[PDB]
Amino acid sequence: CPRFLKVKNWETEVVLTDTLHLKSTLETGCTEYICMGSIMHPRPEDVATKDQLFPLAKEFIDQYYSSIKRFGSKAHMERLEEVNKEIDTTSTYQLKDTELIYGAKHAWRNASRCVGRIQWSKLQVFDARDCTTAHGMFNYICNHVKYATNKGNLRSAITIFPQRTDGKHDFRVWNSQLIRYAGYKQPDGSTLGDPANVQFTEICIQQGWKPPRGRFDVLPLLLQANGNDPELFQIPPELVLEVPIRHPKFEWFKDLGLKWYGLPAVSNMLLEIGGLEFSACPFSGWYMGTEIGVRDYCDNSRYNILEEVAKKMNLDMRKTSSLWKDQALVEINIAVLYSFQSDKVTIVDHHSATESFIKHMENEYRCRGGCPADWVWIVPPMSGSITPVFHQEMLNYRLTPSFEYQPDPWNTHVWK
Amino acid sequence: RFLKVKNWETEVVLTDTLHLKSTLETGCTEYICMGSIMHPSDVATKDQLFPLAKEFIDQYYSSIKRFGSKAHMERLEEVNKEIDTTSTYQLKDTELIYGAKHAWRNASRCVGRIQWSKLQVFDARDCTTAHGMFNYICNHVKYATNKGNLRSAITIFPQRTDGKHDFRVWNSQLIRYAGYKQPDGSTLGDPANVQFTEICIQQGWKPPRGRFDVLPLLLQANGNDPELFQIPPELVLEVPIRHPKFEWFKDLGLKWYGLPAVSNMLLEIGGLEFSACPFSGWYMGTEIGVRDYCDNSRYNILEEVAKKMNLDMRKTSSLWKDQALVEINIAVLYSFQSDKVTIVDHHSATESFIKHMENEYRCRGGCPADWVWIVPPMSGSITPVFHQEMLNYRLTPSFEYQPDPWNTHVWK
Ligand code: HEM
Ligand code: HEM
Ligand SMILES: Cc1cc(N)nc2cc(-c3ccc(OCc4cncs4)c(CN)c3)ccc12
Ligand SMILES: Cc1cc(N)nc2cc(-c3ccc(OCc4cncs4)c(CN)c3)ccc12
Ligand SMILES: C[C@H](O)[C@H](O)[C@H]1CNc2nc(N)[nH]c(=O)c2N1
Ligand SMILES: C[C@H](O)[C@H](O)[C@H]1CNc2nc(N)[nH]c(=O)c2N1
Ligand SMILES: [Zn+2]
């Protein structure tokens, strides 16, 4: 691989030089002759063997001691020997609290698809590796929600449950996010609630959940501890902060009865540190408005209120070239930002977030020698080119620690 | 291996076998993806040239269902003797048309390729001077414009020989507006062309110093210095931009040209290089109304439109930029349609491209596609290409980038 790599910003002419790509540790899916940059994702027995784990742990341990300016030190060599001894006798090892916190912050810092990473070092890390039961998982998750929510002054956070051991004792959160709304397919084919969530809603109902059958029913938590069958828990509703969506000019917008929750909390990904696998690690920050306003509302396989908004706007919906879709999309995203700001719930518009990300990316190139970024995901789903990431070249590559995808647990669980 | 691409909105899955036929590089590796680098990373030889020519002839006679026929075996031998004796070879007209249509078909970044086989190919390989180039280009412009009912076209000038005798169109597009760098700092006209505009002044052009001054053609023939030509104004179709609800929009004084004709790329067929090959189609509304008027380094009227819309411009969270962008694009589509000048909105175009992808996977086993470039620069996720997984790879014949001529040309 070539040793220096330049990315150019075509709007400002700034050229940056990436050396950090030489530390990349896993595959992007691309080859010399094909590019998978727009592919979304390019056995329970399988855990890391003694031999695979040694290099992965030393790799991480070295990187940690280099970060605290103690590389090659006595404390570094001793920690190497102690980690190596644990792997030798017990086939795994345990991270220190210092290294767990470092590893979580760096999995976010390394997350190429996240436009929010200017915040990467202000992340509250909750060590939940002492959890043994799904009730205990419920306790840790409630405390996460309340802290992160902070009455609307949101704060970013991750709760890290025990690492994988033999693959038959995993901790998993079956929900894809801690807070989502239920979706119900009707016998007539239509959908009530959130169509993205129909499958998980059906699983919950099989597991015993009594559905209210409404538009905005917060889904229960489905929680698996130590490889056991998962269990249901209702989140205390006073912990679920919500914003009713209204519009600063259209008095009729409130009459649509829309609301959204304040806290985006992803709970189905896997955190990899030093070759250790934390299959339950929910993490939360705060919304970019377009994640609600464009995707959560206007996607056809979502709440698809685009037509309903355009109807109340008196827009010619007979031809696409009227841009009636584009005009409704902007107003909805205007409402979403205005409702969150009015109720003083933290939220960032896509102009401010993309402008922070450029500033962040440059500092990373300066202080770190690079910043992996996934342009396909960094650029917002509306008004792309009137944000500065559009004209920003980016290099994508996977560093560790990292957040990884993992199969949905109902596909893999061995039912007791 | 076969490769699948899924559409996350329809859950339709397509299977790509076509990628196995490429051998040009993309710039990515297994460890670093360069999908958002604009130009990731010229004289042939007889040694490199025969296999490149061999593959192209093979796929031409395979396309016309006569692989391994007598005409195929004799075109093989005919091309062999000619690279032998002349260090290059000349394409039949049939092969020139096939390769030109297939370079468009292979343009991963082009959302308009459902039209790919409807392309009028103008053979200009007998041209020898810049006066001849200007005659061929006026004819192109006039055929393609067709009084508003635009038609796709390409004009192919002689191929590169030894690098010292390139034909080049120095303009990046056949029709563009001048950009004048003011003393008081700002920019009159079009900021995208400020450099080229000054190069035209440096060659003798008399600038009208207006806001919509059509630049002259600057034309290089057989390695010689370029020469200035004014396109006859009646050949240049333009649309005054107005808005169907905001009667104050016409007062902005805006207009654009109807014909997009890219003239600075390189067409490669069968190992041969065509350094001058202007090609044109019609506009997607966003090329004008998003990029040409609203980029920072462009006409940047966004602020003035939000002004006359009396919008709150103090904080970005009011999305005043988003509201203005949509209205600018409503006007553009509304003006071209009212003048019966061919234009496509980004909803219809992306929708046609999904249909084009379907056709390609069925009959051809795939369709190279650059999601970074296919997705429009506004309202991305409310178009069907946002949720469509694409595989990008390099098939030949193709359109390529080349250096600007004012960097390489040995002046005299
Ligand atoms: C602090 C405020 C944050 C903002 C504004 C933010 C914003 C975003 C957005 C807009 C996306 C794309 C979402 C989509 O298109 O559906 C994203 C992806 C992502 N974010 Fe952030 N995020 C924040 C916090 C965090 C935190 C705290 C973490 C982890 C510690 C994180 C890790 C990720 C990851 C891993 C992805 C990629 C998900 C995937 O690959 O599917 N983010 N973020
Ligand atoms: C017929 C109507 C056509 C439409 C609506 C159309 C639309 C587009 C658009 C929107 C782009 C992206 C431009 C940008 O946003 O920067 C593009 C790129 C491109 N088009 Fe098409 N196009 C058309 C015809 C053609 C024709 C006739 C050719 C050549 C024969 C062609 C070759 C290309 C190439 C090579 C690119 C990519 C250039 C690059 O790599 O930078 N297109 N087209
Ligand atoms: C912390 C934080 C703050 C925020 N503001 N936004 C986020 C969005 C994400 C995200 C976005 C899309 C995803 O992928 C969606 C898919 C559905 N089906 C196949 S991929 C996933 C993967 N769970 C996560 C993850 C974390 C976020
Ligand atoms: C035929 C046709 C019809 C149409 N409707 N639209 C087009 C847009 C294009 C295009 C768009 C951006 C480019 O940009 C690359 C660069 C600009 N500056 C430094 S690299 C280029 C390459 N000249 C071509 C090319 C052809 C088009
Ligand atoms: C850096 C980035 O690749 C570059 O600005 C590209 C991004 N995508 C684009 N997409 C379109 N349609 N047109 C463009 O000019 C660009 N520019
Ligand atoms: C097929 C395509 O890659 C897919 O729809 C992606 C495109 N880019 C995206 N970008 C973001 N930020 N979020 C997304 O969900 C997606 N979806
Ligand atoms: Zn790639």
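Just so it is clear: chains get the letters A, B, ... in the order the sequence lines come, proteins before strands, and each one is counted from 1.
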Any sub-3.5 Å donor-acceptor pair from B:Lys101's side-chain atoms to B:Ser117's backbone N or O? yes
Using only heavy-atom distances, determine whether the side chains of A:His391 and A:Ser385 contain a donor-acceptor pair under 3.5 Å. no
Worked check of ring-ring contact (aromatic ring centres under 6.0 Å, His included) between B:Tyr61 and B:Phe67: CA-CA 5 Å; B:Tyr61 278 96; B:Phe67 183 95; 9.2 Å; no
Checking the side chain of B:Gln115 only, and the main-chain atoms of B:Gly112 only, is there a donor and an acceptor separated by less than 3.5 Å? no
Residues passing the side-chain hydrogen bond (donor to acceptor under 3.5 Å, both in side chains) test with B:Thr88, sequence neighbours excluded, are B:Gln159
Answer with yes or no whether the side chains of B:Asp16 and B:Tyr393 bring together a donor and an acceptor at under 3.5 Å. yes
Can you see whether A:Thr290 engages A:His350 through a side-chain donor-acceptor pair at a distance of less than 3.5 angstrom? no
State whether the number of non-hydrogen atoms from other residues, nucleotides or ligands found under 6.0 Å of B:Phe2 atom CZ is greater than 12. no
With no hydrogens and no angle check, just 3.5 Å: does a side-chain donor-acceptor pair link B:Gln48 and B:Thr45? yes
According to side-chain contact (heavy atoms from CB on, under 4.5 Å), who are the partners of B:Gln173, at least two apart in sequence or on a separate chain? B:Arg176, B:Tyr257, B:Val262, B:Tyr283
Hydrogens and angles aside, do B:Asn392 and B:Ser108 bring a side-chain donor and acceptor to less than 3.5 Å of each other? yes
Of all residues at least two apart in sequence or in a different chain, which pass the ring pair (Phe, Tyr, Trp, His ring centres under 6.0 Å) check with A:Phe357? A:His360
Just so I know, are the side chains of A:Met382 and B:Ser379 near enough to count as touching, which here means a heavy-atom distance under 4.5 Å? no
Verify, without hydrogens or angle tests, whether B:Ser69 (side chain) and B:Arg66 (backbone) share a donor-acceptor contact under 3.5 angstrom. yes
So, B:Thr396 versus B:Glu268: side-chain donor-acceptor pair below 3.5 Å or not? yes
Should we say atom OH of B:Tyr31 is surrounded by more than 12 heavy atoms from elsewhere, each under 6.0 Å from it? no
Other residues, nucleotides, ligands: >12 heavy atoms within 6.0 Å of B:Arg362 CZ: yes
B:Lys46 atom NZ, over 12 foreign heavy atoms within 6.0 Å: yes
Between the side chains of A:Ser279 and A:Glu277, does any donor sit under 3.5 Å from an acceptor? no
Examine the side chains of B:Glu78 and B:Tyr89 and answer whether a donor and an acceptor come within less than 3.5 Å of each other. no
With respect to B:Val79, which candidate in B:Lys81, B:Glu82, B:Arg75 satisfies the side-chain contact (heavy atoms from CB on, under 4.5 Å) definition? B:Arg75
Evaluate the ring planes of B:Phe157 and B:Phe167, with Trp represented by its six-membered ring, and classify them as parallel (under 30°), tilted (30 to 60°) or perpendicular (over 60°). parallel
Looking at A:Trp10, is A:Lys8 sitting on its ring face, NZ or CZ under 6.0 Å from the six-membered ring centre and within 45 degrees of the normal? yes
I'd like to check B:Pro368 versus B:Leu18 (side-chain heavy atoms, cut-off strictly below 4.5 Å). Are they in contact? yes
